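Visitor: The structure file start-v3.cif (mmCIF, N, CA and C atoms and all ligand atoms) is provided below.
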```cif
data_target
#
loop_
_atom_site.label_atom_id
_atom_site.label_comp_id
_atom_site.auth_asym_id
_atom_site.auth_seq_id
_atom_site.Cartn_x
_atom_site.Cartn_y
_atom_site.Cartn_z
N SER C 7 -62.53 -124.11 100.48
CA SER C 7 -63.92 -124.55 100.27
C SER C 7 -64.27 -125.78 101.13
N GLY C 8 -65.58 -126.06 101.28
CA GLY C 8 -66.03 -127.21 102.05
C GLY C 8 -67.38 -126.99 102.70
N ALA C 9 -68.12 -128.08 102.91
CA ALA C 9 -69.45 -127.99 103.53
C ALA C 9 -69.70 -129.17 104.47
N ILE C 10 -70.74 -129.07 105.33
CA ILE C 10 -71.19 -130.19 106.16
C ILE C 10 -72.54 -130.62 105.58
N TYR C 11 -72.76 -131.94 105.40
CA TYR C 11 -74.02 -132.43 104.83
C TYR C 11 -74.70 -133.30 105.88
N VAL C 12 -75.70 -132.76 106.59
CA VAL C 12 -76.40 -133.50 107.65
C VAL C 12 -77.89 -133.48 107.34
N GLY C 13 -78.54 -134.66 107.30
CA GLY C 13 -79.97 -134.74 106.95
C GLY C 13 -80.25 -134.09 105.60
N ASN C 14 -81.23 -133.19 105.55
CA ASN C 14 -81.49 -132.45 104.31
C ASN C 14 -80.93 -131.02 104.39
N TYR C 15 -79.79 -130.86 105.07
CA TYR C 15 -79.12 -129.55 105.21
C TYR C 15 -77.69 -129.56 104.67
N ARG C 16 -77.28 -128.41 104.11
CA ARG C 16 -75.90 -128.15 103.66
C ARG C 16 -75.44 -126.92 104.45
N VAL C 17 -74.35 -127.04 105.23
CA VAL C 17 -73.80 -125.94 106.04
C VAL C 17 -72.51 -125.46 105.38
N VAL C 18 -72.46 -124.18 105.04
CA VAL C 18 -71.29 -123.59 104.39
C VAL C 18 -70.89 -122.27 105.07
N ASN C 19 -69.69 -121.75 104.74
CA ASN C 19 -69.31 -120.40 105.18
C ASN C 19 -70.27 -119.43 104.42
N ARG C 20 -70.87 -118.47 105.12
CA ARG C 20 -71.80 -117.51 104.50
C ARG C 20 -71.11 -116.75 103.36
N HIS C 21 -69.81 -116.43 103.53
CA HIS C 21 -69.11 -115.69 102.48
C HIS C 21 -68.80 -116.51 101.21
N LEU C 22 -69.03 -117.82 101.25
CA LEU C 22 -68.82 -118.71 100.10
C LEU C 22 -70.15 -119.30 99.57
N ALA C 23 -71.31 -118.85 100.10
CA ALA C 23 -72.59 -119.39 99.67
C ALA C 23 -72.83 -119.16 98.17
N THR C 24 -73.43 -120.13 97.50
CA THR C 24 -73.69 -120.07 96.06
C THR C 24 -75.10 -119.50 95.80
N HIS C 25 -75.44 -119.30 94.51
CA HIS C 25 -76.79 -118.87 94.14
C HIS C 25 -77.82 -119.90 94.62
N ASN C 26 -77.53 -121.20 94.42
CA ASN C 26 -78.46 -122.25 94.85
C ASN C 26 -78.64 -122.23 96.38
N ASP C 27 -77.55 -121.96 97.15
CA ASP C 27 -77.68 -121.88 98.60
C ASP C 27 -78.66 -120.76 99.00
N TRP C 28 -78.52 -119.56 98.39
CA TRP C 28 -79.42 -118.46 98.71
C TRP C 28 -80.88 -118.75 98.26
N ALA C 29 -81.04 -119.42 97.10
CA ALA C 29 -82.37 -119.77 96.57
C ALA C 29 -83.09 -120.87 97.38
N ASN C 30 -82.34 -121.61 98.23
CA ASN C 30 -82.88 -122.67 99.07
C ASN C 30 -82.45 -122.42 100.52
N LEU C 31 -82.45 -121.14 100.94
CA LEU C 31 -82.00 -120.74 102.27
C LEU C 31 -82.88 -121.26 103.41
N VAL C 32 -82.24 -121.81 104.46
CA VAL C 32 -82.91 -122.22 105.68
C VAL C 32 -82.62 -121.17 106.78
N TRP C 33 -81.34 -120.84 106.96
CA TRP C 33 -80.93 -119.94 108.03
C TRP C 33 -79.54 -119.41 107.73
N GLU C 34 -79.27 -118.16 108.11
CA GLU C 34 -77.95 -117.56 107.94
C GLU C 34 -77.66 -116.57 109.05
N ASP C 35 -76.38 -116.40 109.36
CA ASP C 35 -75.98 -115.45 110.39
C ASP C 35 -74.61 -114.89 110.03
N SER C 36 -74.58 -113.61 109.59
CA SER C 36 -73.34 -112.95 109.18
C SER C 36 -72.32 -112.88 110.31
N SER C 37 -72.79 -112.61 111.54
CA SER C 37 -71.85 -112.52 112.67
C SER C 37 -71.12 -113.84 112.95
N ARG C 38 -71.69 -114.99 112.52
CA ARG C 38 -71.03 -116.31 112.70
C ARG C 38 -70.35 -116.83 111.41
N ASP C 39 -70.51 -116.12 110.27
CA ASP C 39 -70.02 -116.56 108.96
C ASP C 39 -70.64 -117.91 108.58
N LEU C 40 -71.93 -118.14 108.92
CA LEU C 40 -72.61 -119.39 108.57
C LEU C 40 -73.86 -119.19 107.73
N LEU C 41 -74.12 -120.18 106.86
CA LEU C 41 -75.34 -120.22 106.07
C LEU C 41 -75.71 -121.70 105.92
N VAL C 42 -77.00 -122.00 106.06
CA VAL C 42 -77.52 -123.35 105.89
C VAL C 42 -78.57 -123.32 104.79
N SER C 43 -78.44 -124.22 103.82
CA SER C 43 -79.42 -124.36 102.73
C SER C 43 -80.00 -125.78 102.73
N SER C 44 -81.16 -125.97 102.04
CA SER C 44 -81.79 -127.29 102.01
C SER C 44 -81.27 -128.13 100.83
N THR C 45 -81.27 -129.45 100.99
CA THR C 45 -80.80 -130.35 99.94
C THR C 45 -81.90 -131.36 99.54
N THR C 46 -81.81 -131.89 98.33
CA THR C 46 -82.77 -132.89 97.88
C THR C 46 -82.33 -134.27 98.41
N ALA C 47 -81.02 -134.57 98.37
CA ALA C 47 -80.52 -135.85 98.87
C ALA C 47 -80.11 -135.75 100.36
N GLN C 48 -80.20 -136.86 101.09
CA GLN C 48 -79.81 -136.88 102.49
C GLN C 48 -78.28 -136.99 102.63
N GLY C 49 -77.73 -136.24 103.58
CA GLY C 49 -76.31 -136.22 103.91
C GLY C 49 -75.97 -137.24 104.99
N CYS C 50 -74.69 -137.54 105.16
CA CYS C 50 -74.27 -138.57 106.11
C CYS C 50 -73.36 -138.08 107.21
N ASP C 51 -73.14 -136.76 107.33
CA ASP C 51 -72.30 -136.25 108.41
C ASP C 51 -73.13 -136.22 109.69
N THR C 52 -72.46 -136.45 110.81
CA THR C 52 -73.10 -136.37 112.12
C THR C 52 -72.52 -135.14 112.81
N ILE C 53 -73.37 -134.31 113.45
CA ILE C 53 -72.90 -133.13 114.17
C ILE C 53 -72.57 -133.55 115.59
N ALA C 54 -71.39 -133.12 116.10
CA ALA C 54 -71.01 -133.39 117.47
C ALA C 54 -71.95 -132.68 118.44
N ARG C 55 -72.32 -133.34 119.55
CA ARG C 55 -73.17 -132.72 120.59
C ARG C 55 -72.39 -132.93 121.88
N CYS C 56 -71.52 -131.95 122.19
CA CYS C 56 -70.53 -132.11 123.26
C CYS C 56 -69.87 -130.79 123.64
N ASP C 57 -68.90 -130.83 124.61
CA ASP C 57 -68.10 -129.66 124.92
C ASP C 57 -66.59 -130.00 124.74
N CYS C 58 -66.26 -130.86 123.76
CA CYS C 58 -64.86 -131.16 123.44
C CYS C 58 -64.06 -129.92 123.13
N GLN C 59 -62.81 -129.93 123.56
CA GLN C 59 -61.83 -128.88 123.24
C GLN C 59 -60.59 -129.46 122.53
N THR C 60 -60.64 -130.71 122.08
CA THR C 60 -59.57 -131.28 121.26
C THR C 60 -60.25 -132.01 120.10
N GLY C 61 -59.57 -132.00 118.97
CA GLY C 61 -60.10 -132.62 117.76
C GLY C 61 -59.06 -132.61 116.66
N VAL C 62 -59.51 -132.80 115.43
CA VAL C 62 -58.62 -132.78 114.26
C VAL C 62 -59.30 -131.94 113.17
N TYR C 63 -58.55 -131.10 112.46
CA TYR C 63 -59.13 -130.31 111.36
C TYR C 63 -58.39 -130.54 110.05
N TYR C 64 -59.12 -130.36 108.95
CA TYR C 64 -58.51 -130.48 107.63
C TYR C 64 -58.06 -129.11 107.12
N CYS C 65 -56.78 -129.05 106.71
CA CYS C 65 -56.14 -127.84 106.16
C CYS C 65 -55.80 -128.10 104.67
N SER C 66 -56.66 -127.62 103.77
CA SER C 66 -56.46 -127.86 102.35
C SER C 66 -55.13 -127.33 101.81
N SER C 67 -54.69 -126.19 102.30
CA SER C 67 -53.45 -125.58 101.81
C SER C 67 -52.19 -126.41 102.14
N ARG C 68 -52.27 -127.36 103.11
CA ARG C 68 -51.13 -128.24 103.40
C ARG C 68 -51.49 -129.71 103.09
N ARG C 69 -52.72 -130.00 102.60
CA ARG C 69 -53.19 -131.39 102.35
C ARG C 69 -52.97 -132.26 103.59
N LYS C 70 -53.30 -131.71 104.76
CA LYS C 70 -53.06 -132.40 106.01
C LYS C 70 -54.18 -132.22 107.00
N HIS C 71 -54.37 -133.24 107.84
CA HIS C 71 -55.30 -133.16 108.98
C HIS C 71 -54.41 -132.93 110.19
N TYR C 72 -54.72 -131.92 111.02
CA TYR C 72 -53.89 -131.62 112.18
C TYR C 72 -54.66 -131.82 113.47
N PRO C 73 -54.06 -132.51 114.45
CA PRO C 73 -54.70 -132.61 115.78
C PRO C 73 -54.51 -131.26 116.49
N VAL C 74 -55.58 -130.72 117.06
CA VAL C 74 -55.48 -129.42 117.75
C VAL C 74 -56.29 -129.39 119.04
N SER C 75 -55.89 -128.48 119.94
CA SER C 75 -56.69 -128.04 121.09
C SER C 75 -57.37 -126.75 120.60
N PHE C 76 -58.66 -126.59 120.87
CA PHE C 76 -59.38 -125.39 120.41
C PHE C 76 -60.20 -124.78 121.54
N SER C 77 -60.36 -123.44 121.52
CA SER C 77 -61.04 -122.74 122.61
C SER C 77 -62.57 -122.87 122.58
N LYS C 78 -63.25 -122.49 123.68
CA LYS C 78 -64.72 -122.60 123.73
C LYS C 78 -65.36 -121.54 122.80
N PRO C 79 -66.51 -121.83 122.18
CA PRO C 79 -67.13 -120.85 121.25
C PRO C 79 -67.38 -119.50 121.93
N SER C 80 -66.83 -118.42 121.35
CA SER C 80 -66.91 -117.10 121.99
C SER C 80 -66.96 -115.95 120.94
N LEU C 81 -67.11 -114.70 121.40
CA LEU C 81 -67.06 -113.50 120.54
C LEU C 81 -65.58 -113.17 120.46
N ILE C 82 -64.99 -113.37 119.29
CA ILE C 82 -63.55 -113.18 119.10
C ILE C 82 -63.32 -112.03 118.10
N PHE C 83 -62.36 -111.14 118.40
CA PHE C 83 -62.02 -110.09 117.46
C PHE C 83 -61.13 -110.73 116.38
N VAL C 84 -61.47 -110.49 115.11
CA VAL C 84 -60.74 -111.06 113.98
C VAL C 84 -60.23 -109.93 113.08
N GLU C 85 -58.95 -109.97 112.69
CA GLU C 85 -58.38 -108.96 111.78
C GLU C 85 -59.07 -108.99 110.40
N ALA C 86 -58.98 -107.89 109.64
CA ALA C 86 -59.57 -107.83 108.30
C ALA C 86 -59.05 -108.96 107.40
N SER C 87 -59.95 -109.52 106.61
CA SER C 87 -59.58 -110.56 105.66
C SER C 87 -60.01 -110.11 104.27
N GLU C 88 -59.81 -110.97 103.26
CA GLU C 88 -60.28 -110.65 101.93
C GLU C 88 -61.83 -110.58 101.84
N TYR C 89 -62.55 -111.14 102.84
CA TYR C 89 -64.00 -111.27 102.79
C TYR C 89 -64.81 -110.56 103.93
N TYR C 90 -64.15 -110.07 105.01
CA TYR C 90 -64.81 -109.27 106.08
C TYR C 90 -63.84 -108.19 106.56
N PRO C 91 -64.34 -107.05 107.07
CA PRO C 91 -63.42 -106.09 107.71
C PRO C 91 -63.04 -106.65 109.10
N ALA C 92 -62.14 -105.92 109.80
CA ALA C 92 -61.78 -106.28 111.18
C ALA C 92 -63.05 -106.15 112.05
N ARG C 93 -63.44 -107.21 112.77
CA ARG C 93 -64.69 -107.18 113.54
C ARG C 93 -64.75 -108.31 114.58
N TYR C 94 -65.77 -108.30 115.46
CA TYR C 94 -65.97 -109.44 116.35
C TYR C 94 -66.82 -110.44 115.58
N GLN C 95 -66.40 -111.69 115.57
CA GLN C 95 -67.18 -112.78 114.99
C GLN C 95 -67.66 -113.64 116.20
N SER C 96 -68.92 -114.06 116.18
CA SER C 96 -69.49 -114.82 117.29
C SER C 96 -69.41 -116.34 117.07
N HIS C 97 -69.52 -117.12 118.16
CA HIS C 97 -69.50 -118.59 118.13
C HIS C 97 -68.23 -119.10 117.41
N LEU C 98 -67.09 -118.44 117.66
CA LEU C 98 -65.81 -118.78 117.03
C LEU C 98 -64.90 -119.46 118.06
N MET C 99 -64.13 -120.45 117.60
CA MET C 99 -63.20 -121.20 118.45
C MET C 99 -61.83 -121.09 117.80
N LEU C 100 -60.79 -120.79 118.56
CA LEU C 100 -59.45 -120.64 118.00
C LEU C 100 -58.54 -121.81 118.36
N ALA C 101 -57.59 -122.09 117.46
CA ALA C 101 -56.51 -123.03 117.70
C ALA C 101 -55.21 -122.48 117.09
N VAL C 102 -54.06 -122.99 117.54
CA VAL C 102 -52.79 -122.58 116.95
C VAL C 102 -52.63 -123.45 115.70
N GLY C 103 -52.55 -122.82 114.54
CA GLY C 103 -52.43 -123.59 113.30
C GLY C 103 -52.53 -122.76 112.05
N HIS C 104 -52.30 -123.41 110.90
CA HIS C 104 -52.32 -122.74 109.60
C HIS C 104 -53.71 -122.61 109.00
N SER C 105 -54.03 -121.41 108.48
CA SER C 105 -55.33 -121.20 107.85
C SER C 105 -55.27 -120.04 106.85
N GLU C 106 -55.35 -120.40 105.57
CA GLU C 106 -55.39 -119.42 104.50
C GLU C 106 -56.84 -119.23 104.06
N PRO C 107 -57.17 -118.16 103.32
CA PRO C 107 -58.59 -117.97 102.91
C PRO C 107 -59.23 -119.20 102.25
N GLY C 108 -58.50 -119.89 101.37
CA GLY C 108 -59.06 -121.08 100.71
C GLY C 108 -59.28 -122.29 101.61
N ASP C 109 -58.74 -122.24 102.85
CA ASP C 109 -58.92 -123.30 103.83
C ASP C 109 -60.34 -123.27 104.47
N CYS C 110 -61.11 -122.14 104.29
CA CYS C 110 -62.49 -122.04 104.82
C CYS C 110 -63.33 -123.21 104.35
N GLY C 111 -64.10 -123.79 105.26
CA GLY C 111 -64.94 -124.94 104.91
C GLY C 111 -64.36 -126.28 105.35
N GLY C 112 -63.05 -126.31 105.69
CA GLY C 112 -62.41 -127.54 106.18
C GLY C 112 -63.05 -127.97 107.49
N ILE C 113 -63.31 -129.28 107.66
CA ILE C 113 -64.01 -129.73 108.85
C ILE C 113 -63.10 -129.89 110.06
N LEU C 114 -63.61 -129.46 111.24
CA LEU C 114 -63.00 -129.75 112.55
C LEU C 114 -63.91 -130.86 113.13
N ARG C 115 -63.31 -131.99 113.57
CA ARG C 115 -64.09 -133.09 114.11
C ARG C 115 -63.49 -133.67 115.38
N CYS C 116 -64.35 -134.16 116.27
CA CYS C 116 -63.93 -134.77 117.54
C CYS C 116 -64.51 -136.22 117.56
N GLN C 117 -64.39 -136.97 118.69
CA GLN C 117 -64.94 -138.33 118.73
C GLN C 117 -66.47 -138.37 118.50
N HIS C 118 -67.16 -137.24 118.75
CA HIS C 118 -68.61 -137.22 118.61
C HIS C 118 -69.12 -136.85 117.22
N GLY C 119 -68.26 -136.32 116.35
CA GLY C 119 -68.73 -135.90 115.02
C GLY C 119 -68.17 -134.56 114.59
N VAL C 120 -68.84 -133.88 113.66
CA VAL C 120 -68.40 -132.60 113.14
C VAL C 120 -68.64 -131.50 114.17
N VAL C 121 -67.57 -130.77 114.52
CA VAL C 121 -67.63 -129.68 115.49
C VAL C 121 -67.94 -128.33 114.84
N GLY C 122 -67.31 -128.11 113.70
CA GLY C 122 -67.44 -126.85 113.00
C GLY C 122 -66.61 -126.85 111.73
N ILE C 123 -66.51 -125.66 111.09
CA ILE C 123 -65.74 -125.52 109.87
C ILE C 123 -64.80 -124.33 109.97
N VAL C 124 -63.66 -124.39 109.28
CA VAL C 124 -62.71 -123.28 109.25
C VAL C 124 -63.39 -122.01 108.72
N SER C 125 -63.17 -120.87 109.41
CA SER C 125 -63.80 -119.60 109.03
C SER C 125 -62.80 -118.43 109.01
N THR C 126 -61.77 -118.48 109.87
CA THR C 126 -60.80 -117.38 109.96
C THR C 126 -59.36 -117.90 109.98
N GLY C 127 -58.41 -116.99 109.74
CA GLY C 127 -57.00 -117.36 109.78
C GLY C 127 -56.11 -116.14 109.86
N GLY C 128 -54.83 -116.40 110.06
CA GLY C 128 -53.83 -115.34 110.19
C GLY C 128 -53.26 -115.25 111.61
N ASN C 129 -52.11 -114.55 111.75
CA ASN C 129 -51.45 -114.40 113.05
C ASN C 129 -51.07 -115.76 113.67
N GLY C 130 -50.91 -116.80 112.84
CA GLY C 130 -50.56 -118.14 113.32
C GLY C 130 -51.70 -118.88 113.99
N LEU C 131 -52.94 -118.41 113.81
CA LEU C 131 -54.12 -119.00 114.42
C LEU C 131 -55.13 -119.44 113.35
N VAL C 132 -55.97 -120.39 113.71
CA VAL C 132 -57.07 -120.84 112.84
C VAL C 132 -58.36 -120.72 113.65
N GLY C 133 -59.40 -120.14 113.07
CA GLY C 133 -60.66 -120.01 113.78
C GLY C 133 -61.73 -120.85 113.11
N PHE C 134 -62.53 -121.52 113.92
CA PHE C 134 -63.59 -122.41 113.44
C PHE C 134 -64.95 -121.90 113.87
N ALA C 135 -65.90 -121.90 112.93
CA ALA C 135 -67.27 -121.52 113.26
C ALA C 135 -67.94 -122.78 113.87
N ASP C 136 -68.34 -122.69 115.14
CA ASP C 136 -68.99 -123.81 115.82
C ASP C 136 -70.38 -124.06 115.25
N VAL C 137 -70.80 -125.32 115.24
CA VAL C 137 -72.18 -125.67 114.83
C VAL C 137 -72.87 -126.56 115.91
N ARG C 138 -72.18 -126.88 117.04
CA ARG C 138 -72.71 -127.81 118.03
C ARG C 138 -73.97 -127.33 118.76
N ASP C 139 -74.21 -126.01 118.76
CA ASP C 139 -75.38 -125.45 119.42
C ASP C 139 -76.63 -125.46 118.51
N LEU C 140 -76.44 -125.74 117.19
CA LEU C 140 -77.54 -125.72 116.23
C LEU C 140 -78.25 -127.08 116.25
N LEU C 141 -79.00 -127.33 117.35
CA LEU C 141 -79.62 -128.64 117.58
C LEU C 141 -80.61 -129.02 116.50
N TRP C 142 -81.26 -128.01 115.87
CA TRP C 142 -82.25 -128.27 114.83
C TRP C 142 -81.64 -128.96 113.58
N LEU C 143 -80.30 -128.96 113.44
CA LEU C 143 -79.69 -129.66 112.29
C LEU C 143 -79.98 -131.18 112.36
N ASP C 144 -80.27 -131.73 113.57
CA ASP C 144 -80.48 -133.16 113.82
C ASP C 144 -81.86 -133.67 113.45
N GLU C 145 -82.77 -132.80 113.02
CA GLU C 145 -84.15 -133.21 112.74
C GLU C 145 -84.81 -132.35 111.63
N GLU C 146 -86.12 -132.59 111.38
CA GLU C 146 -87.05 -131.82 110.56
C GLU C 146 -86.53 -131.33 109.23
ZN ZN I 201 -66.89 -134.03 121.07
#
```
Would you mind writing the file out in C-alpha cells?
Guide:
Amino acid sequence: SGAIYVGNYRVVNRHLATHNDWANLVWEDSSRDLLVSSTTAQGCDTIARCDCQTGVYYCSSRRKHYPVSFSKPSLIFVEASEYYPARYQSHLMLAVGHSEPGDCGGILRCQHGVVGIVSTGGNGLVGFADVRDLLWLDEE
C-alpha cells in the first residue's frame, strides 16, 4: 500500500483505489495502473520533474529503502499478477530488486522529488509507475 499526496491530489495504484477515491475521481488510466483522486487537505509531496535514472525506493516487505538504477518510462510486458493478467503496462520503469504485491504504492524518489510508485514485481525485478509526465499535478 501507499500513495503520493501533492496539492489537492492523492495518487494511488488503480488496482488499490478505495470507494472514496472513485467517488472523488480526477483521472485514471488502467494501462498505467494509476488513479488520482481529489483531497480536502493539501499534501506536501513534491513530484520530480526530470529524467533521472537513479533513486531510492521503499520496499515494505523488507522494511528497507534501496538505492536503484531504473529504466526510462516505457511499454513493458508484465507477467500475470494477483491483480492483472499478463499484459503490456505503459509508462513503467524497471529496476533489479524485490517487489511483492503488498509493496505496491511504495515511493521511488530522486534528488528532485517523487518519481513514481511501485506497481509490478516478480522475476527479480521491481516496476514503478512513472508520474513525472503528469505536469497538471503541480497546479489547479
Ligand atoms: Zn530527478
Visitor: As a list in words, please: the residues near residue C:125 (cut-off 8 Å, only C-alpha atoms, same-chain neighbours under 4 positions excluded).
Guide: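 Everything that qualifies: residues 19, 39, 110, 111, 132, 133, 134 and 135 of chain C.
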Visitor: Check the smallest atom-to-atom distance from each of C:57, C:35, C:109, C:145 to ligand ZN 201 (chain I) using only N, CA and C atoms and all ligand atoms, then report the winner.
Guide: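 The shortest atom-to-atom distance to ligand ZN 201 (chain I) comes from C:57.
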Visitor: Pick the closest to residue C:13 from C:139, C:51, C:88, C:106: which is it, counting all atoms listed in the file?
Guide: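 Residue with the minimum atom-to-atom distance to residue C:13: C:51.
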Visitor: Given only C-alpha atoms and all ligand atoms as the basis, pick out the residue of C:7, C:30, C:59, C:95 nearest to ligand ZN 201 (chain I).
Guide: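 Of C:7, C:30, C:59, C:95, the one nearest ligand ZN 201 (chain I), counting only C-alpha atoms and all ligand atoms, is C:59.
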Visitor: Counting all atoms listed in the file, select every polymer residue within 8 Å of (-63.1, -120.7, 115.5) as defined in the file's coordinates, and provide the selection as an MDAnalysis selection string.
Guide: chainID C and resid 76:80 96:101 122:126 132:136
Visitor: If you count only C-alpha atoms, which residues fall within 12 Å of residue C:94, apart from same-chain ones fewer than 4 positions away, as a PyMOL selection string?
Guide: chain C and resi 36-39+80-86+90+98+126
Visitor: Of the residues C:103, C:61, C:73, C:127, which is the one nearest to ligand ZN 201 (chain I), using all atoms listed in the file?
Guide: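 Looking only at the distances to ligand ZN 201 (chain I), the closest residue turns out to be C:61.
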Visitor: From the DSSP assignment of the backbone, select every residue of chain C that is strand (DSSP E), and format the answer as a ChimeraX atom specification.
Guide: /C:10-19,31-35,40-50,60-65,70-75,80-84,93-102,113-116,119-128,131-136
Visitor: N, CA, C and O atoms for stretch 122-142 of chain C, written as a PDB file, keeping the file's coordinate frame, could you do that?
Guide:
```pdb
ATOM      1  N   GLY C 122     -67.310-128.110 113.700  1.00  0.00           N
ATOM      2  CA  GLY C 122     -67.440-126.850 113.000  1.00  0.00           C
ATOM      3  C   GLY C 122     -66.610-126.850 111.730  1.00  0.00           C
ATOM      4  O   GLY C 122     -66.097-127.893 111.313  1.00  0.00           O
ATOM      5  N   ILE C 123     -66.510-125.660 111.090  1.00  0.00           N
ATOM      6  CA  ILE C 123     -65.740-125.520 109.870  1.00  0.00           C
ATOM      7  C   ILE C 123     -64.800-124.330 109.970  1.00  0.00           C
ATOM      8  O   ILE C 123     -65.094-123.349 110.649  1.00  0.00           O
ATOM      9  N   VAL C 124     -63.660-124.390 109.280  1.00  0.00           N
ATOM     10  CA  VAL C 124     -62.710-123.280 109.250  1.00  0.00           C
ATOM     11  C   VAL C 124     -63.390-122.010 108.720  1.00  0.00           C
ATOM     12  O   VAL C 124     -64.126-122.080 107.724  1.00  0.00           O
ATOM     13  N   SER C 125     -63.170-120.870 109.410  1.00  0.00           N
ATOM     14  CA  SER C 125     -63.800-119.600 109.030  1.00  0.00           C
ATOM     15  C   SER C 125     -62.800-118.430 109.010  1.00  0.00           C
ATOM     16  O   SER C 125     -62.995-117.465 108.260  1.00  0.00           O
ATOM     17  N   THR C 126     -61.770-118.480 109.870  1.00  0.00           N
ATOM     18  CA  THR C 126     -60.800-117.380 109.960  1.00  0.00           C
ATOM     19  C   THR C 126     -59.360-117.900 109.980  1.00  0.00           C
ATOM     20  O   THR C 126     -59.110-119.081 110.260  1.00  0.00           O
ATOM     21  N   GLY C 127     -58.410-116.990 109.740  1.00  0.00           N
ATOM     22  CA  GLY C 127     -57.000-117.360 109.780  1.00  0.00           C
ATOM     23  C   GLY C 127     -56.110-116.140 109.860  1.00  0.00           C
ATOM     24  O   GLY C 127     -56.566-115.011 109.681  1.00  0.00           O
ATOM     25  N   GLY C 128     -54.830-116.400 110.060  1.00  0.00           N
ATOM     26  CA  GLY C 128     -53.830-115.340 110.190  1.00  0.00           C
ATOM     27  C   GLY C 128     -53.260-115.250 111.610  1.00  0.00           C
ATOM     28  O   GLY C 128     -53.839-115.788 112.559  1.00  0.00           O
ATOM     29  N   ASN C 129     -52.110-114.550 111.750  1.00  0.00           N
ATOM     30  CA  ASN C 129     -51.450-114.400 113.050  1.00  0.00           C
ATOM     31  C   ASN C 129     -51.070-115.760 113.670  1.00  0.00           C
ATOM     32  O   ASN C 129     -50.944-115.846 114.891  1.00  0.00           O
ATOM     33  N   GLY C 130     -50.910-116.800 112.840  1.00  0.00           N
ATOM     34  CA  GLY C 130     -50.560-118.140 113.320  1.00  0.00           C
ATOM     35  C   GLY C 130     -51.700-118.880 113.990  1.00  0.00           C
ATOM     36  O   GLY C 130     -51.475-119.904 114.630  1.00  0.00           O
ATOM     37  N   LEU C 131     -52.940-118.410 113.810  1.00  0.00           N
ATOM     38  CA  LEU C 131     -54.120-119.000 114.420  1.00  0.00           C
ATOM     39  C   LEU C 131     -55.130-119.440 113.350  1.00  0.00           C
ATOM     40  O   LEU C 131     -55.114-118.927 112.217  1.00  0.00           O
ATOM     41  N   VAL C 132     -55.970-120.390 113.710  1.00  0.00           N
ATOM     42  CA  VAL C 132     -57.070-120.840 112.840  1.00  0.00           C
ATOM     43  C   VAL C 132     -58.360-120.720 113.650  1.00  0.00           C
ATOM     44  O   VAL C 132     -58.399-121.154 114.808  1.00  0.00           O
ATOM     45  N   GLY C 133     -59.400-120.140 113.070  1.00  0.00           N
ATOM     46  CA  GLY C 133     -60.660-120.010 113.780  1.00  0.00           C
ATOM     47  C   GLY C 133     -61.730-120.850 113.110  1.00  0.00           C
ATOM     48  O   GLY C 133     -61.820-120.902 111.875  1.00  0.00           O
ATOM     49  N   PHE C 134     -62.530-121.520 113.920  1.00  0.00           N
ATOM     50  CA  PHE C 134     -63.590-122.410 113.440  1.00  0.00           C
ATOM     51  C   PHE C 134     -64.950-121.900 113.870  1.00  0.00           C
ATOM     52  O   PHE C 134     -65.158-121.563 115.041  1.00  0.00           O
ATOM     53  N   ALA C 135     -65.900-121.900 112.930  1.00  0.00           N
ATOM     54  CA  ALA C 135     -67.270-121.520 113.260  1.00  0.00           C
ATOM     55  C   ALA C 135     -67.940-122.780 113.870  1.00  0.00           C
ATOM     56  O   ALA C 135     -68.098-123.799 113.203  1.00  0.00           O
ATOM     57  N   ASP C 136     -68.340-122.690 115.140  1.00  0.00           N
ATOM     58  CA  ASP C 136     -68.990-123.810 115.820  1.00  0.00           C
ATOM     59  C   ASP C 136     -70.380-124.060 115.250  1.00  0.00           C
ATOM     60  O   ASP C 136     -71.070-123.112 114.863  1.00  0.00           O
ATOM     61  N   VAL C 137     -70.800-125.320 115.240  1.00  0.00           N
ATOM     62  CA  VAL C 137     -72.180-125.670 114.830  1.00  0.00           C
ATOM     63  C   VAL C 137     -72.870-126.560 115.910  1.00  0.00           C
ATOM     64  O   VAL C 137     -74.014-126.969 115.721  1.00  0.00           O
ATOM     65  N   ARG C 138     -72.180-126.880 117.040  1.00  0.00           N
ATOM     66  CA  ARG C 138     -72.710-127.810 118.030  1.00  0.00           C
ATOM     67  C   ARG C 138     -73.970-127.330 118.760  1.00  0.00           C
ATOM     68  O   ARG C 138     -74.690-128.145 119.336  1.00  0.00           O
ATOM     69  N   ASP C 139     -74.210-126.010 118.760  1.00  0.00           N
ATOM     70  CA  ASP C 139     -75.380-125.450 119.420  1.00  0.00           C
ATOM     71  C   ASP C 139     -76.630-125.460 118.510  1.00  0.00           C
ATOM     72  O   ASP C 139     -77.739-125.190 118.988  1.00  0.00           O
ATOM     73  N   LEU C 140     -76.440-125.740 117.190  1.00  0.00           N
ATOM     74  CA  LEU C 140     -77.540-125.720 116.230  1.00  0.00           C
ATOM     75  C   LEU C 140     -78.250-127.080 116.250  1.00  0.00           C
ATOM     76  O   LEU C 140     -78.086-127.907 115.345  1.00  0.00           O
ATOM     77  N   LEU C 141     -79.000-127.330 117.350  1.00  0.00           N
ATOM     78  CA  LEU C 141     -79.620-128.640 117.580  1.00  0.00           C
ATOM     79  C   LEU C 141     -80.610-129.020 116.500  1.00  0.00           C
ATOM     80  O   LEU C 141     -80.773-130.208 116.224  1.00  0.00           O
ATOM     81  N   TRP C 142     -81.260-128.010 115.870  1.00  0.00           N
ATOM     82  CA  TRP C 142     -82.250-128.270 114.830  1.00  0.00           C
ATOM     83  C   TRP C 142     -81.640-128.960 113.580  1.00  0.00           C
ATOM     84  O   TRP C 142     -82.403-129.514 112.775  1.00  0.00           O
TER      85      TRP C 142
END
```
